[PDB]
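Have a look at the structure below, then the notes.
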Amino acid sequence: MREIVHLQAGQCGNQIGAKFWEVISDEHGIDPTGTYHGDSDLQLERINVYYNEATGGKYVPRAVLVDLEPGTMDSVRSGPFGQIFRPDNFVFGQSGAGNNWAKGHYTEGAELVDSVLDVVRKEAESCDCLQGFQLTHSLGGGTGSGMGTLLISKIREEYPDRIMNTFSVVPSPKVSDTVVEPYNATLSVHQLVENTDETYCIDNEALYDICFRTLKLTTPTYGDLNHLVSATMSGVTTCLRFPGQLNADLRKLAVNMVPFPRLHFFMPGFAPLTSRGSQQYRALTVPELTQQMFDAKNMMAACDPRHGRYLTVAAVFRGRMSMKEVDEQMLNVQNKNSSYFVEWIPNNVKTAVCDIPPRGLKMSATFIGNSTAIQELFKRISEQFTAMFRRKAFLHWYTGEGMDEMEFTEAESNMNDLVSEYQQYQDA
Amino acid sequence: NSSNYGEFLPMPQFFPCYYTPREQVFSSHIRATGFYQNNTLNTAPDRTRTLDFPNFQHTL
Amino acid sequence: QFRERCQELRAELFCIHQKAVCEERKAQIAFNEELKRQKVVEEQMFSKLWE
Amino acid sequence: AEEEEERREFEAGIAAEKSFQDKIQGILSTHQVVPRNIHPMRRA
Amino acid sequence: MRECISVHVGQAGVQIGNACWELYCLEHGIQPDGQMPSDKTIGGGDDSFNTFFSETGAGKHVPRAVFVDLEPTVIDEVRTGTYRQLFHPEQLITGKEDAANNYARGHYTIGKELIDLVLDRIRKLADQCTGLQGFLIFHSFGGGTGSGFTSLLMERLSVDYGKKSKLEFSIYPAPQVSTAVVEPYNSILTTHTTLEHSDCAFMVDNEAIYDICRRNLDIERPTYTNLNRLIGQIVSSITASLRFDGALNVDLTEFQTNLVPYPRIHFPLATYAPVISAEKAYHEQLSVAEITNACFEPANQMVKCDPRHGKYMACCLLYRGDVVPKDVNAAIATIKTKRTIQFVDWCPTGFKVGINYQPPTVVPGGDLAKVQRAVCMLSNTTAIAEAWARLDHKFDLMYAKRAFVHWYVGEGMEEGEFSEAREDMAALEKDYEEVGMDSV
Amino acid sequence: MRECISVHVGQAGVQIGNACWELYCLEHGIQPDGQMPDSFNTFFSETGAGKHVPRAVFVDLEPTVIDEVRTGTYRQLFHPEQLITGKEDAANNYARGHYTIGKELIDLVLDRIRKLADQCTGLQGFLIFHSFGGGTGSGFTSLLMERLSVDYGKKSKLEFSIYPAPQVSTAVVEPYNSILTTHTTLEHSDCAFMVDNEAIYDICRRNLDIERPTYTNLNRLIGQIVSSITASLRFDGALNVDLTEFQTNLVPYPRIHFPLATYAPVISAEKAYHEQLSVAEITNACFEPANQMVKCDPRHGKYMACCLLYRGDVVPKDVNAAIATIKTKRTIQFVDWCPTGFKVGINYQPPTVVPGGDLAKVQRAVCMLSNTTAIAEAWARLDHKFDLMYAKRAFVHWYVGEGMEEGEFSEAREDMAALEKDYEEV
Ligand SMILES: Nc1nc2c(ncn2[C@@H]2O[C@H](COP(=O)(O)OP(=O)(O)OP(=O)(O)O)[C@@H](O)[C@H]2O)c(=O)[nH]1
Ligand SMILES: Nc1nc2c(ncn2[C@@H]2O[C@H](COP(=O)(O)OP(=O)(O)OP(=O)(O)O)[C@@H](O)[C@H]2O)c(=O)[nH]1
Ligand SMILES: Nc1nc2c(ncn2[C@@H]2O[C@H](COP(=O)(O)OP(=O)(O)O)[C@@H](O)[C@H]2O)c(=O)[nH]1
Ligand SMILES: [Mg+2]
Ligand SMILES: [Mg+2]
């Protein structure tokens, strides 16, 4: 009815999709073999948003899954789910990207693109009217970053009005995996600030810190961390799937966020994340404990509001809730804390309420925030791009691959233009 | 001393307890013939942004 | 799905692996003692032949 | 009626908690291993 | 479908390969007939031999090896050993007469007659491959077929193949102990042909393996069974991301992106952290953080160069076993806070980690015990500059008095390649001096 | 997560090692395979599946006493890599211990201690003992002091030294190393106290009827001293005080720290038939000077600083009635500026009982500590009897011939006289 076509990109892209297509397949009540199983008819009436009816009453999802190494792509076929995907919608290369952005943008991966865009039209011509596509990827390596920019700028031309979301995984210094990490994610922001309608910033350092200090787990492996944290914020679009009192879908929430068309970077978060033990002792009202998140122990990105000013804030709720206590709790939070907000907007918060909570929860809520404190991430990844490019550290896997030395000095000034635009509205 | 390199007999005691190999039974089946590519005439139904088959009755 | 999502399963699997590897190291210790006895009796045969 | 619905939902929550803990104790206590995952000469 | 041909040259290449193909057969179920054992296996479903084996119509498997020698005696033992039925009978390419410790003979006179046969046989394993990644030269620096004949593969394997990632494992002659007196002539004249022609070049001296055996383990008096069993573990741990699934798959391509700063700087070191005796293994915990700070020691680095002299350029880590991807990111917290371990100024991140599931096996009669966690740490240090400055002072004492050259002249080799090769490694030795200088 | 490291240096030190580690092996029942039949987690560290390792070092520079340790019963209870041996015996020689021989294994010992430093997270104190009497004790411990201090700086390193008697000794040119060690213990250790224990000769037959002892019957009581000091850290109590909290209260002047007192009921079964033991009565028995373990006397000295360790059936009523009733009587002379003179630590669990020792089973026990000026007279007597040999220059050539000077000999004594000039005013 208002379709979404899911895109994945990289090894991080396929361990998000295999955990995102699990949460949503529990909401609509679908077996791993792909039939219908739930109890209420309210589930099935909006199943033509992320899914597609097959023969015999089956239901398959519309996801185009990519990588350049087939080793990741087999592991989705043998998982908890994953037999519901159509086997035609799996595309993969033969030799890997070498954890190299230039390989994955020009020479190694551009043979794959004309097969990947070719599945995308087939999941577009069956639609009624698309809200727009959705790409899940990471800014670490070549199959997720270099392909991720080449996928976006090849789509945004041909289908311009339909919106685009992306779920980036920006690198972090104190938890760093690759030496080439500041040399990729500086060069791919340049191709991401041009062709994306709404971007997020979900970095692995913050998802470790909320996993030892809020949830209090012992061994946070990558399945037990991606599911409970970042595969459930993508269920913020229950407005677009379930009816509510005051609802706001994926497109209505973009217009209340970006006050200039180059500042679209967000810092999400989920409100009930208590523990295995402290779920017993807390109160599931609408409090202000995780709902005044300013003490930022439960924030899903690195940087926080104390250092800068919030431009605009969201809050998308889910539950049988009262719309007075939504609004007076937007009054203990804009005045008991006072100077972390933009002076020239007096009502910064866009709210929404829907009527089906997640499984096992009376009450849930989702927080999406924009801030001027996000410029400290973009300086700091450009400090480790200026240092390495000064002595020409790892250069020669990029000059020989069709990319010259002029395309680095563009993506350093334009990387520091975003530092200039955000610092304008720091206090003003 | 060059006959050390094959002499002793392997026991079941001297093996790892786990074995996680890489299976290619699914991936070879799509390596064997090429992926999907459109070679068809385009057939999209004539879409409309808001109005799907309206009755205008009471017009003159 | 439940086995993969679970956490105390991945706790107890370590104890399974570590008790198994301790028993198998004990087996290798017995094999090493066997090999040492073999080299001792080889040296004694060369002693006989020198005599 | 609404207060008793709250009490019923809380009691259903603690009952499902007890069932979930019985499941994790059963899975820990009784263990089975897939044969394809055993080293080839180690199987018998 | 990720094949990886291993080609061994010389007496060091064969006797490493005997320890190497002991371990590869023992990871999977290849018994020395090549047939995996019949336990009424319904499924099977294992395709982990495919990197290093090819499946026939019968139950047999054939390795990818190309054993090459000019000396017929040591290749004669693998011909009539217990692995007689495993190797295909043509893959054991022998010579006709030995090279005998001459780079000139090994590269010009007696090494050129055989080589027209081997380079056909590399094609017979190249066409069988589908997605071939890169080769593995196993060679030495002392003798003629290790120093000169390998110099002639690299000048023709590069122009015949090109974009295949070649890796090697040399045995550098020690700064103090030695077997031969002519080997510093061989070890300078082999650099000039492997500086340009080897993509990434691991390199391990036989002194720290000679030292770590007598010191970490409770064993004294080893032979080449115990050295090559240790090196054979390293070659398995690097490649094991191709064989068994794990959390982060570092294939053979992604090492050389994350480990080589400049194309003339491709000589990293190598280590192996939980090497321990089986009498000793159960006394101490071998945790995730106990096998990294006990890997950055200066006493357990496999080449005789002290890394407290130079500054670190790039480091790569390859964990193996039951390792969560959490505690490898808290072991780094202990390393980078210290003042002993200096990284170079222009490299802030400076790491590359990798996890793999299947724990190591043990060979029966093997010195190192079974573990749960194991890691091989490949680092690129500036302090490898002093492993050549200890060598070329043993080359000028040769050449300035002009001894042992009368053998080398009449073979087909002129004197001009001596003074050219000395300045060529002197060009390389200056290049390490400039990258360690801090840029302000 | 409250680690302490313990050290058994010296032939007298390993005759402690029997006793101190027998009582550590009966405080929690430790089998000699490291599996029990989380209070142990100071000392031990669990391995992969099921073995425990004590991070305590017997640091001796001859392999003979180390191989006697290994041929003892506790073969795999002590893991042999931690314990330091040396291939060439130092034999009193500070030069061979410090410079020449020790420099080849110093990187090995530092590799070991940085290997267990990852287990050393919440370390409360590197407890060290050593005798002064040879290169077993003086030099290599000294070089560890300097190198560990320039490796961390902050960590807790403490030392409870052993000292030569005035009457008897093993080597008699040993005051050279005693003067050198008094100079070099002031630098890089937080603490240096009293296991000087000549008076345990007096105590082991004065009070417990075992004439003809060994060093081991003495060193039972040295181990019992160790138990009273570190047991408050090891077990929960009413008013427990750990070792960092010890170090933040024990040391008035930062180069002036050397007390003198005992574990109080050093009483056998023969007296234990009849003596009804009370906290007050045992501390009444304790406050008499003649049952000290430092050969000195604070009855004619000034009772400056104090500490108290209490174990078992201790009541604040009992300890405070004792404090009041002995604070009354001026048969103990008290000190000028400090009014009260007591500090308390309380332990629930009464101390364990090891067979083959002097003591007997106790419901409860008390101790004390009394940091006075009574070490001034002892260092004055060592001043009285050191200069006889440095007048006519005995044995200097053996020191000098491997890498040292007469300058260190001519500096260490004047530094010790500087410490005496610190001590003479208070
Ligand atoms: N690490 C290791 N090194 C070995 C082993 N066997 C031999 N070497 C080294 O190999 C060197 C000599 O072997 P080679 O160079 O292959 O002898 P060669 O090339 O056949 O001699 P030529 O007759 O001239 O061909 C010596 O310096 C040894 O140090 C071994 O088993 N392990
Ligand atoms: N008088 C006395 N001295 C003791 C006592 N306990 C320990 N000692 C110390 O023991 C030292 C000499 O005896 P040992 O400890 O057996 O010998 P050592 O110190 O190891 O010296 P070396 O034989 O050179 O290794 C003296 O310097 C004292 O410091 C004791 O109870 N009474
Ligand atoms: N969220 C998430 N991130 C991951 C996971 N595995 C790895 N990462 C991180 O995300 C990035 C994934 O790298 P990727 O681009 O997929 O490697 P490539 O496909 O070979 O180029 C790395 O920087 C990892 O640190 C995962 O399972 N989930
Ligand atoms: Mg030879
Ligand atoms: Mg001694």
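Header says: electron microscopy, 3.4 Å.
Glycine is treated like the rest: Cβ placed from N, Cα and C.
Summary of the site annotation: Swiss-Prot records GTP binding at A:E69, A:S138, A:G142, A:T143, A:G144, A:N204, A:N226. Screening the candidates A:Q11, A:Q279, A:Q280, A:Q291 against this entry identifies A:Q11 as the one listed for that site. Swiss-Prot tags one of the stretches A:1-4, A:73-76, A:81-84 as motif 'MREI motif', and that stretch is A:1-4. Within the group of binding-site residues (A:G142, A:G144), the Cβ with the highest number of other Cβ atoms inside 10 Å belongs to A:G144. Cβ-based neighbour count (10 Å, all protein chains) for A:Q11 (GTP binding site) stands at 24. The Cβ of A:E69 (GTP binding site) lies under 8 Å from the Cβ of A:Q11, A:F92, A:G93, A:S95, A:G96, A:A97, A:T143, each on the same chain and at least six residues away in sequence. Comparing A:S172 (phosphoserine) with A:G142 (GTP binding site), their Cα atoms are 17 Å apart once rounded. When the CA atoms are compared, no binding-site residues among the candidates A:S138, A:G142, A:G144, A:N204, A:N226 lie within 10 A of A:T55 (phosphothreonine). A:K58 (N6-acetyllysine) and A:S138 (GTP binding site) are 32 Å apart (CA-CA, integer value). Residue pair A:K58 (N6-acetyllysine) / A:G144 (GTP binding site) shows a Cα separation of 31 Å.
Neighbour list (A:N226 (GTP binding site), Cβ cut-off 8 Å, at least 6 residues apart, same chain): A:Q15, A:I16, A:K19. Binding of GTP is attributed in the record to A:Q11, A:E69, A:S138, A:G142, A:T143, A:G144, A:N204, A:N226, and the widest Cα separation among these residues amounts to 23 Å. The recorded positions near ligand 4, defined by a Cβ under 6 Å from one of its atoms, do not include any of A:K58, A:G144, A:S172, A:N204. In sequence order, the recorded positions near chain E (CB to CB under 8 A) are A:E69, out of A:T55, A:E69, A:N226. Secondary structure of the motif 'MREI motif' (A:1-4) per DSSP, as helix, strand and coil residue counts: 0 helix, 2 strand, 2 coil.
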